[PDB]
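S.K.: Next comes the structure file query17.tsv, holding TSV, C-alpha atoms.
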```
chain	number	residue	atom	x	y	z
P	1	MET	CA	0.00	0.00	0.00
P	2	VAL	CA	1.44	3.34	1.18
P	3	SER	CA	2.58	4.35	4.64
P	4	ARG	CA	0.95	6.95	6.85
P	5	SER	CA	3.98	9.24	6.68
P	6	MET	CA	4.02	9.12	2.86
P	7	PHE	CA	0.25	9.82	2.66
P	8	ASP	CA	0.87	12.80	4.97
P	9	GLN	CA	3.68	13.96	2.66
P	10	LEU	CA	1.59	13.67	-0.51
P	11	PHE	CA	-1.40	15.33	1.20
P	12	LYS	CA	0.34	17.73	3.60
P	13	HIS	CA	-2.43	20.37	3.41
P	14	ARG	CA	-5.55	18.29	2.99
P	15	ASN	CA	-8.97	18.64	4.56
P	16	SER	CA	-8.71	16.50	7.68
P	17	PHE	CA	-11.99	14.72	6.75
P	18	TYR	CA	-9.85	12.53	4.50
P	19	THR	CA	-7.99	10.45	7.07
P	20	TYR	CA	-5.27	7.92	6.27
P	21	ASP	CA	-7.18	5.27	8.21
P	22	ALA	CA	-10.26	5.94	6.04
P	23	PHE	CA	-8.20	5.58	2.83
P	24	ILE	CA	-6.70	2.29	4.09
P	25	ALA	CA	-10.11	0.91	5.06
P	26	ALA	CA	-11.55	1.79	1.67
P	27	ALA	CA	-8.63	0.27	-0.22
P	28	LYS	CA	-9.38	-3.08	1.46
P	29	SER	CA	-12.64	-3.18	-0.52
P	30	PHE	CA	-10.44	-3.28	-3.67
P	31	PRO	CA	-7.45	-5.36	-2.56
P	32	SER	CA	-5.74	-5.33	-5.97
P	33	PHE	CA	-5.41	-1.52	-5.93
P	34	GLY	CA	-1.75	-0.59	-5.48
P	35	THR	CA	-0.77	-4.24	-4.97
P	36	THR	CA	-0.59	-5.29	-8.64
P	37	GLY	CA	2.71	-5.58	-10.50
P	38	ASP	CA	6.28	-4.85	-9.50
P	39	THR	CA	7.30	-1.96	-7.26
P	40	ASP	CA	7.48	0.67	-10.03
P	41	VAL	CA	4.05	-0.32	-11.39
P	42	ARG	CA	2.50	-0.17	-7.91
P	43	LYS	CA	4.01	3.28	-7.31
P	44	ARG	CA	2.83	4.65	-10.66
P	45	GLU	CA	-0.72	3.36	-10.07
P	46	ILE	CA	-0.88	5.00	-6.65
P	47	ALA	CA	0.60	8.26	-7.97
P	48	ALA	CA	-1.87	8.21	-10.89
P	49	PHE	CA	-4.97	7.68	-8.75
P	50	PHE	CA	-3.85	10.36	-6.29
P	51	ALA	CA	-3.03	12.77	-9.15
P	52	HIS	CA	-6.57	12.58	-10.48
P	53	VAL	CA	-8.02	12.80	-6.97
P	54	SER	CA	-5.90	15.88	-6.32
P	55	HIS	CA	-6.86	17.59	-9.57
P	56	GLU	CA	-10.53	17.16	-8.65
P	57	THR	CA	-10.20	18.36	-5.02
P	58	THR	CA	-7.28	20.86	-5.05
P	59	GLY	CA	-7.21	23.99	-2.88
P	60	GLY	CA	-3.85	25.21	-4.12
P	61	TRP	CA	-2.55	28.55	-5.38
P	62	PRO	CA	0.68	29.50	-7.17
P	63	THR	CA	2.66	30.64	-4.11
P	64	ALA	CA	1.20	28.07	-1.72
P	65	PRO	CA	3.54	26.40	0.80
P	66	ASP	CA	5.10	23.27	-0.75
P	67	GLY	CA	4.00	24.31	-4.25
P	68	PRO	CA	0.83	24.27	-6.33
P	69	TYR	CA	0.54	20.44	-6.29
P	70	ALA	CA	0.71	20.02	-2.50
P	71	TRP	CA	-2.95	21.00	-1.83
P	72	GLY	CA	-4.90	17.94	-2.94
P	73	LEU	CA	-7.86	16.54	-1.00
P	74	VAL	CA	-9.10	19.95	0.18
P	75	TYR	CA	-12.60	19.74	-1.35
P	76	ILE	CA	-15.45	17.39	-0.37
P	77	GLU	CA	-18.57	18.65	-2.16
P	78	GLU	CA	-19.07	20.42	-5.43
P	79	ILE	CA	-19.31	24.11	-4.66
P	80	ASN	CA	-22.02	24.89	-7.29
P	81	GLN	CA	-24.96	22.96	-5.86
P	82	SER	CA	-28.09	24.25	-7.60
P	83	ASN	CA	-28.67	21.62	-10.31
P	84	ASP	CA	-29.94	18.19	-9.28
P	85	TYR	CA	-27.68	16.22	-11.65
P	86	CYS	CA	-30.69	14.03	-12.48
P	87	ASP	CA	-31.33	12.38	-15.85
P	88	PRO	CA	-34.61	10.37	-15.58
P	89	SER	CA	-33.99	6.61	-15.39
P	90	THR	CA	-36.08	3.53	-14.67
P	91	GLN	CA	-33.01	1.60	-13.45
P	92	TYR	CA	-31.63	4.35	-11.16
P	93	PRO	CA	-34.52	6.67	-10.32
P	94	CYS	CA	-33.74	10.12	-8.94
P	95	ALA	CA	-34.79	10.16	-5.29
P	96	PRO	CA	-37.34	12.87	-4.40
P	97	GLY	CA	-35.58	15.78	-2.75
P	98	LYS	CA	-32.01	14.60	-3.41
P	99	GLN	CA	-29.20	15.95	-5.60
P	100	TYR	CA	-26.34	14.14	-7.34
P	101	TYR	CA	-23.74	16.91	-7.52
P	102	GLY	CA	-20.08	16.00	-7.14
P	103	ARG	CA	-18.91	14.44	-3.87
P	104	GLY	CA	-15.67	12.89	-2.69
P	105	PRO	CA	-12.17	12.36	-4.11
P	106	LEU	CA	-13.27	11.81	-7.75
P	107	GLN	CA	-16.39	13.99	-7.58
P	108	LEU	CA	-18.96	11.25	-8.15
P	109	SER	CA	-21.84	12.87	-10.04
P	110	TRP	CA	-25.31	11.99	-11.47
P	111	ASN	CA	-27.98	9.47	-10.43
P	112	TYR	CA	-26.71	7.11	-13.18
P	113	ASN	CA	-23.33	6.86	-11.38
P	114	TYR	CA	-24.50	6.98	-7.73
P	115	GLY	CA	-26.83	4.07	-8.55
P	116	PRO	CA	-24.34	1.50	-9.84
P	117	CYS	CA	-21.58	2.64	-7.47
P	118	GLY	CA	-23.86	2.05	-4.48
P	119	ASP	CA	-25.05	-1.30	-5.81
P	120	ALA	CA	-21.42	-2.47	-6.12
P	121	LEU	CA	-20.54	-1.23	-2.62
P	122	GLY	CA	-23.69	-2.61	-0.99
P	123	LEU	CA	-24.81	0.92	-0.09
P	124	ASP	CA	-27.98	2.80	-1.04
P	125	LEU	CA	-26.16	5.80	-2.50
P	126	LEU	CA	-28.97	6.36	-4.99
P	127	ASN	CA	-31.40	7.16	-2.19
P	128	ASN	CA	-28.85	8.63	0.24
P	129	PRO	CA	-26.23	10.39	-1.95
P	130	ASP	CA	-25.15	12.58	0.97
P	131	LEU	CA	-23.47	9.47	2.46
P	132	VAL	CA	-20.52	10.22	0.18
P	133	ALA	CA	-19.91	13.61	1.84
P	134	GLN	CA	-20.55	12.27	5.39
P	135	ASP	CA	-18.22	9.29	5.74
P	136	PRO	CA	-14.63	9.39	4.42
P	137	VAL	CA	-14.51	5.59	4.04
P	138	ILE	CA	-17.51	5.76	1.71
P	139	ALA	CA	-15.97	8.79	0.00
P	140	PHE	CA	-12.74	6.93	-0.78
P	141	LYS	CA	-14.68	3.80	-1.78
P	142	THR	CA	-16.63	5.76	-4.44
P	143	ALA	CA	-13.34	6.97	-5.98
P	144	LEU	CA	-11.81	3.48	-5.94
P	145	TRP	CA	-15.03	2.06	-7.43
P	146	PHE	CA	-14.58	4.35	-10.41
P	147	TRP	CA	-10.86	3.61	-10.76
P	148	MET	CA	-11.36	-0.20	-10.51
P	149	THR	CA	-14.52	-0.65	-12.68
P	150	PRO	CA	-14.52	-1.15	-16.45
P	151	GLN	CA	-17.35	0.48	-18.40
P	152	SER	CA	-17.26	-0.97	-21.90
P	153	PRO	CA	-15.75	0.09	-24.20
P	154	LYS	CA	-13.45	1.64	-21.58
P	155	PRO	CA	-11.17	-0.56	-19.46
P	156	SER	CA	-10.61	0.27	-15.82
P	157	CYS	CA	-7.95	2.85	-15.04
P	158	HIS	CA	-6.50	0.15	-12.78
P	159	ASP	CA	-6.07	-2.24	-15.70
P	160	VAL	CA	-4.47	0.48	-17.86
P	161	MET	CA	-1.79	1.36	-15.26
P	162	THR	CA	-0.99	-2.23	-14.29
P	163	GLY	CA	-0.49	-3.83	-17.70
P	164	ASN	CA	-3.79	-5.74	-17.76
P	165	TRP	CA	-5.24	-3.72	-20.64
P	166	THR	CA	-3.84	-4.29	-24.12
P	167	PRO	CA	-5.15	-1.79	-26.70
P	168	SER	CA	-6.98	-2.92	-29.79
P	169	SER	CA	-5.78	-1.80	-33.21
P	170	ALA	CA	-8.43	0.95	-33.21
P	171	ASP	CA	-7.24	2.14	-29.79
P	172	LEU	CA	-3.66	2.32	-31.09
P	173	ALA	CA	-4.79	4.02	-34.32
P	174	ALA	CA	-6.49	6.61	-32.08
P	175	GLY	CA	-3.33	7.14	-30.02
P	176	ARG	CA	-4.69	5.31	-26.94
P	177	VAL	CA	-1.41	3.73	-25.80
P	178	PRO	CA	-1.20	2.57	-22.14
P	179	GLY	CA	-0.01	5.19	-19.71
P	180	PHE	CA	-1.21	8.08	-17.60
P	181	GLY	CA	-2.76	9.87	-20.61
P	182	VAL	CA	-5.29	7.10	-21.23
P	183	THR	CA	-6.50	7.37	-17.60
P	184	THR	CA	-7.28	11.06	-18.18
P	185	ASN	CA	-9.09	10.03	-21.35
P	186	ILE	CA	-11.21	7.52	-19.39
P	187	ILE	CA	-11.99	9.99	-16.61
P	188	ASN	CA	-12.93	13.03	-18.74
P	189	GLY	CA	-11.41	12.71	-22.21
P	190	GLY	CA	-14.35	14.17	-24.10
P	191	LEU	CA	-13.60	17.55	-22.57
P	192	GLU	CA	-9.90	17.24	-21.70
P	193	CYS	CA	-8.21	15.18	-24.45
P	194	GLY	CA	-7.88	15.30	-28.21
P	195	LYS	CA	-8.54	18.90	-29.26
P	196	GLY	CA	-10.01	20.01	-25.94
P	197	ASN	CA	-8.35	22.89	-24.18
P	198	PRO	CA	-5.47	20.98	-22.57
P	199	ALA	CA	-5.15	23.11	-19.42
P	200	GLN	CA	-6.95	20.57	-17.22
P	201	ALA	CA	-5.13	17.49	-18.55
P	202	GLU	CA	-1.81	19.30	-18.13
P	203	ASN	CA	-2.67	20.04	-14.51
P	204	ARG	CA	-3.37	16.34	-13.90
P	205	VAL	CA	0.08	15.56	-15.38
P	206	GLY	CA	1.67	18.15	-13.07
P	207	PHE	CA	0.24	16.40	-10.01
P	208	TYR	CA	1.26	12.99	-11.38
P	209	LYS	CA	4.87	14.06	-11.97
P	210	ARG	CA	5.10	15.56	-8.49
P	211	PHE	CA	3.74	12.42	-6.82
P	212	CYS	CA	5.97	10.14	-8.92
P	213	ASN	CA	8.94	12.26	-7.80
P	214	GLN	CA	7.94	11.95	-4.10
P	215	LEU	CA	7.39	8.19	-4.42
P	216	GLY	CA	10.68	7.73	-6.28
P	217	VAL	CA	9.37	6.34	-9.58
P	218	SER	CA	9.58	7.34	-13.22
P	219	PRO	CA	6.22	8.58	-14.61
P	220	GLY	CA	6.57	6.39	-17.68
P	221	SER	CA	5.49	7.04	-21.22
P	222	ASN	CA	2.40	8.42	-22.97
P	223	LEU	CA	1.55	11.10	-20.40
P	224	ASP	CA	-0.17	13.51	-22.78
P	225	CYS	CA	-3.69	12.91	-24.05
P	226	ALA	CA	-3.78	15.76	-26.57
P	227	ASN	CA	-2.27	13.23	-29.01
P	228	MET	CA	-5.21	10.91	-28.39
P	229	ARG	CA	-8.91	10.59	-29.34
P	230	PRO	CA	-11.59	10.04	-26.67
P	231	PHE	CA	-12.98	6.51	-26.52
P	232	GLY	CA	-15.97	5.94	-28.79
```
Kindly return the structure encoded in the file as structure tokens.
M.R.:
Amino acid sequence: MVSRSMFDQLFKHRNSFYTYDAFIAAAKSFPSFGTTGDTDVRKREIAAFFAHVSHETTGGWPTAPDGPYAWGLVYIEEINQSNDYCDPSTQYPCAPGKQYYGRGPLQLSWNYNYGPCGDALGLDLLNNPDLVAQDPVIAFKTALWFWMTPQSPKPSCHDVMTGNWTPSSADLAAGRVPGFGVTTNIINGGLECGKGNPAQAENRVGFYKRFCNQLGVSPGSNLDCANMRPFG
């Protein structure tokens, strides 16, 4: 896994809601996370997951102590909470009086994600979405659920980083070569990769390179998703 002192180095300025013990408890729901492959592969997977988490929750500024990548895990809830984030569904019905705005380390959003995430975790997140912003174990589990779950045609980010996803010829033709860049593409490639404004993807890479440096691992190849088409 990762030790308490290293978690406290990566996340030196975090919101104290996000405890190390909560992260460790959540990771036990997905025992292959960070335990797959040799030491370099494990370190890159952990750095990659934390880079995305940090991008989505960062409270940094350019002159912040320890630099602009040292302020991950500051945010819990989406700040703009007026829309319900509800698309009508017979499988995952929007609960009366509830909203599905972003919550937790990967900003889980929409009834159509809270539904299946809760089903997989054995939790009624569809009818109690506020659980994600109440309980840091649940919060971390929702982020790991996303990271560990394939959604065809997309592989899991876990499988990409650990060598368990081999691209098809169409993937390769589209520039989807395994590495950090493909994880950005999976998470939000329609807006952030290809010809999207690359500011946000570049920020994710900045966090990733910082965390790789702190963990003592090379970031590897194929970091940039501007050279890459979103999955169909």
S.K.: Which of these, P:38, P:171, P:109, P:49, has the shortest distance to residue 158 (chain P) once you count all atoms listed in the file?
M.R.: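 For residue 158 (chain P), the nearest of the candidates is P:49.
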S.K.: Calculate how many Å separate CA of residue 226 (chain P) from CA of residue 212 (chain P), rounding to one decimal.
M.R.: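 Taking CA of residue 226 (chain P) as the start and CA of residue 212 (chain P) as the end point, the length is 20.9 Å.
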S.K.: From the list P:41, P:106, P:186, P:137, which residue is nearest residue 58 (chain P) when using all atoms listed in the file?
M.R.: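 Among the listed residues, P:106 lies closest to residue 58 (chain P).
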S.K.: Produce a table with one row for each residue of region 6-28 of chain P that has an atom at most 8 Å from any atom of region 66-82 of chain P, each row naming the nearest atom pair and its distance in Å at one decimal; use all atoms listed in the file; arrange rows by chain and rising residue number; format as CSV.
M.R.:
```
residue,atom,partner,partner_atom,distance
P:10,CA,P:70,CA,6.7
P:11,CA,P:72,CA,6.0
P:12,CA,P:70,CA,6.5
P:13,CA,P:71,CA,5.3
P:14,CA,P:74,CA,4.8
P:15,CA,P:74,CA,4.6
P:18,CA,P:73,CA,7.1
```
S.K.: What lies within 7 Å of residue 100 (chain P) using only C-alpha atoms, ignoring chain neighbours under 2 positions off, as an NGL selection string?
M.R.: :P and (84-86 or 98 or 102 or 109-111 or 129)
S.K.: Pick the closest to residue 37 (chain P) from P:215, P:144, P:108, P:160: which is it, counting all atoms listed in the file?
M.R.: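 Of P:215, P:144, P:108, P:160, the one nearest residue 37 (chain P), counting all atoms listed in the file, is P:160.
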S.K.: Hey, what's within 7 Å of residue 229 (chain P) if we count all atoms listed in the file and toss same-chain stuff fewer than 3 positions away? As a ChimeraX atom specification, please?
M.R.: /P:174-175,193-194
S.K.: Quick one: of P:187, P:1, P:205, P:6, who's nearest to residue 219 (chain P), counting all atoms listed in the file?
M.R.: P:205
S.K.: At what distance in Å, to one decimal, does CA of residue 2 (chain P) lie from CA of residue 203 (chain P)?
M.R.: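 Value for the CA of residue 203 (chain P)-CA of residue 2 (chain P) distance: 23.3 Å.
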S.K.: Counting all atoms listed in the file, what is within 10 Å of residue 200 (chain P), bar same-chain residues fewer than 3 positions away, as a list in words?
M.R.: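 That gives residues 55, 56, 184, 188, 191, 192, 193, 196, 197, 203, 204, 205 and 206 of chain P.
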S.K.: Nearest residue to residue 177 (chain P) out of P:29, P:99, P:128, P:222, using only C-alpha atoms?
M.R.: P:222
S.K.: For residue 149 (chain P), which of P:220, P:179, P:163, P:116 is the closest residue, counting only C-alpha atoms?
M.R.: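 Using only C-alpha atoms, the shortest distance to residue 149 (chain P) belongs to P:116.
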S.K.: Residue 181 (chain P): which residues within 8 Å, counting only C-alpha atoms, same-chain residues fewer than 3 positions away excluded, as an NGL selection string?
M.R.: :P and (178 or 184-185 or 222-225)
S.K.: I need every residue sitting at most 9 Å from the point (-12.4, 10.8, -6.6) (coordinates as in the file, all atoms listed in the file considered), written as a short mmCIF file (atom, residue, chain, number, x, y, z; two decimals) with C-alpha atoms, in the coordinates of the input.
M.R.:
```cif
data_model
loop_
_atom_site.label_atom_id
_atom_site.label_comp_id
_atom_site.auth_asym_id
_atom_site.auth_seq_id
_atom_site.Cartn_x
_atom_site.Cartn_y
_atom_site.Cartn_z
CA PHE P 49 -4.97 7.68 -8.75
CA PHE P 50 -3.85 10.36 -6.29
CA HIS P 52 -6.57 12.58 -10.48
CA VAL P 53 -8.02 12.80 -6.97
CA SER P 54 -5.90 15.88 -6.32
CA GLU P 56 -10.53 17.16 -8.65
CA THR P 57 -10.20 18.36 -5.02
CA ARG P 103 -18.91 14.44 -3.87
CA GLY P 104 -15.67 12.89 -2.69
CA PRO P 105 -12.17 12.36 -4.11
CA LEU P 106 -13.27 11.81 -7.75
CA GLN P 107 -16.39 13.99 -7.58
CA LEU P 108 -18.96 11.25 -8.15
CA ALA P 139 -15.97 8.79 0.00
CA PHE P 140 -12.74 6.93 -0.78
CA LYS P 141 -14.68 3.80 -1.78
CA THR P 142 -16.63 5.76 -4.44
CA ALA P 143 -13.34 6.97 -5.98
CA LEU P 144 -11.81 3.48 -5.94
CA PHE P 146 -14.58 4.35 -10.41
CA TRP P 147 -10.86 3.61 -10.76
#
```
S.K.: Quick one: pull the distance between CA of residue 17 (chain P) and CA of residue 44 (chain P), Å, one decimal.
M.R.: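 Here the two named atoms are 25.0 Å from each other.
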S.K.: Determine, counting only C-alpha atoms, which protein, DNA and RNA residues have an atom within 6 Å of an atom of residue 208 (chain P); residues of the same chain fewer than 4 positions away are not included. Present the result as a PyMOL selection string.
M.R.: chain P and resi 47-48+51
S.K.: Output region 147-170 of chain P as a PDB file, keeping the file's coordinate frame, making sure N, CA and C atoms are there.
M.R.:
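Resulting contents of out.pdb:
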```
ATOM      1  N   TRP P 147     -12.190   3.982 -10.297  1.00  0.00           N
ATOM      2  CA  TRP P 147     -10.860   3.610 -10.760  1.00  0.00           C
ATOM      3  C   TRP P 147     -10.759   2.133 -11.120  1.00  0.00           C
ATOM      4  N   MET P 148     -11.517   1.250 -10.408  1.00  0.00           N
ATOM      5  CA  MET P 148     -11.360  -0.200 -10.510  1.00  0.00           C
ATOM      6  C   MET P 148     -12.406  -0.824 -11.440  1.00  0.00           C
ATOM      7  N   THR P 149     -13.368  -0.060 -11.976  1.00  0.00           N
ATOM      8  CA  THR P 149     -14.520  -0.650 -12.680  1.00  0.00           C
ATOM      9  C   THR P 149     -14.465  -0.370 -14.171  1.00  0.00           C
ATOM     10  N   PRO P 150     -14.431  -1.399 -15.013  1.00  0.00           N
ATOM     11  CA  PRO P 150     -14.520  -1.150 -16.450  1.00  0.00           C
ATOM     12  C   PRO P 150     -15.935  -0.742 -16.820  1.00  0.00           C
ATOM     13  N   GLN P 151     -16.044   0.080 -17.864  1.00  0.00           N
ATOM     14  CA  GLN P 151     -17.350   0.480 -18.400  1.00  0.00           C
ATOM     15  C   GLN P 151     -17.200   0.437 -19.911  1.00  0.00           C
ATOM     16  N   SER P 152     -17.520  -0.725 -20.490  1.00  0.00           N
ATOM     17  CA  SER P 152     -17.260  -0.970 -21.900  1.00  0.00           C
ATOM     18  C   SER P 152     -17.790   0.187 -22.757  1.00  0.00           C
ATOM     19  N   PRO P 153     -17.008   0.673 -23.727  1.00  0.00           N
ATOM     20  CA  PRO P 153     -15.750   0.090 -24.200  1.00  0.00           C
ATOM     21  C   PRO P 153     -14.501   0.461 -23.411  1.00  0.00           C
ATOM     22  N   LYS P 154     -14.630   1.191 -22.305  1.00  0.00           N
ATOM     23  CA  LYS P 154     -13.450   1.640 -21.580  1.00  0.00           C
ATOM     24  C   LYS P 154     -12.986   0.552 -20.613  1.00  0.00           C
ATOM     25  N   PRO P 155     -11.693   0.267 -20.560  1.00  0.00           N
ATOM     26  CA  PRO P 155     -11.170  -0.560 -19.460  1.00  0.00           C
ATOM     27  C   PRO P 155     -11.169   0.233 -18.164  1.00  0.00           C
ATOM     28  N   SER P 156     -10.854  -0.446 -17.066  1.00  0.00           N
ATOM     29  CA  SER P 156     -10.610   0.270 -15.820  1.00  0.00           C
ATOM     30  C   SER P 156      -9.279   0.992 -15.874  1.00  0.00           C
ATOM     31  N   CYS P 157      -9.217   2.137 -15.186  1.00  0.00           N
ATOM     32  CA  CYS P 157      -7.950   2.850 -15.040  1.00  0.00           C
ATOM     33  C   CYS P 157      -6.922   1.951 -14.378  1.00  0.00           C
ATOM     34  N   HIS P 158      -7.375   1.132 -13.417  1.00  0.00           N
ATOM     35  CA  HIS P 158      -6.500   0.150 -12.780  1.00  0.00           C
ATOM     36  C   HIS P 158      -5.837  -0.736 -13.815  1.00  0.00           C
ATOM     37  N   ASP P 159      -6.641  -1.319 -14.712  1.00  0.00           N
ATOM     38  CA  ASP P 159      -6.070  -2.240 -15.700  1.00  0.00           C
ATOM     39  C   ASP P 159      -5.082  -1.533 -16.636  1.00  0.00           C
ATOM     40  N   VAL P 160      -5.376  -0.285 -17.002  1.00  0.00           N
ATOM     41  CA  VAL P 160      -4.470   0.480 -17.860  1.00  0.00           C
ATOM     42  C   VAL P 160      -3.100   0.629 -17.214  1.00  0.00           C
ATOM     43  N   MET P 161      -3.059   1.118 -15.972  1.00  0.00           N
ATOM     44  CA  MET P 161      -1.790   1.360 -15.260  1.00  0.00           C
ATOM     45  C   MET P 161      -1.034   0.118 -14.870  1.00  0.00           C
ATOM     46  N   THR P 162      -1.671  -1.047 -14.815  1.00  0.00           N
ATOM     47  CA  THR P 162      -0.990  -2.230 -14.290  1.00  0.00           C
ATOM     48  C   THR P 162      -0.638  -3.249 -15.363  1.00  0.00           C
ATOM     49  N   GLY P 163      -0.839  -2.927 -16.627  1.00  0.00           N
ATOM     50  CA  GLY P 163      -0.490  -3.830 -17.700  1.00  0.00           C
ATOM     51  C   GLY P 163      -1.519  -4.878 -18.046  1.00  0.00           C
ATOM     52  N   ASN P 164      -2.728  -4.785 -17.500  1.00  0.00           N
ATOM     53  CA  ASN P 164      -3.790  -5.740 -17.760  1.00  0.00           C
ATOM     54  C   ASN P 164      -4.772  -5.261 -18.815  1.00  0.00           C
ATOM     55  N   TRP P 165      -4.479  -4.147 -19.479  1.00  0.00           N
ATOM     56  CA  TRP P 165      -5.240  -3.720 -20.640  1.00  0.00           C
ATOM     57  C   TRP P 165      -4.291  -3.621 -21.815  1.00  0.00           C
ATOM     58  N   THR P 166      -4.580  -4.376 -22.872  1.00  0.00           N
ATOM     59  CA  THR P 166      -3.840  -4.290 -24.120  1.00  0.00           C
ATOM     60  C   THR P 166      -4.736  -3.608 -25.146  1.00  0.00           C
ATOM     61  N   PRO P 167      -4.299  -2.503 -25.750  1.00  0.00           N
ATOM     62  CA  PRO P 167      -5.150  -1.790 -26.700  1.00  0.00           C
ATOM     63  C   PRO P 167      -5.439  -2.607 -27.941  1.00  0.00           C
ATOM     64  N   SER P 168      -6.633  -2.398 -28.484  1.00  0.00           N
ATOM     65  CA  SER P 168      -6.980  -2.920 -29.790  1.00  0.00           C
ATOM     66  C   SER P 168      -6.296  -2.079 -30.870  1.00  0.00           C
ATOM     67  N   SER P 169      -6.389  -2.548 -32.118  1.00  0.00           N
ATOM     68  CA  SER P 169      -5.780  -1.800 -33.210  1.00  0.00           C
ATOM     69  C   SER P 169      -6.438  -0.433 -33.398  1.00  0.00           C
ATOM     70  N   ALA P 170      -7.753  -0.339 -33.156  1.00  0.00           N
ATOM     71  CA  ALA P 170      -8.430   0.950 -33.210  1.00  0.00           C
ATOM     72  C   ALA P 170      -7.970   1.882 -32.097  1.00  0.00           C
TER      73      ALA P 170
END
```
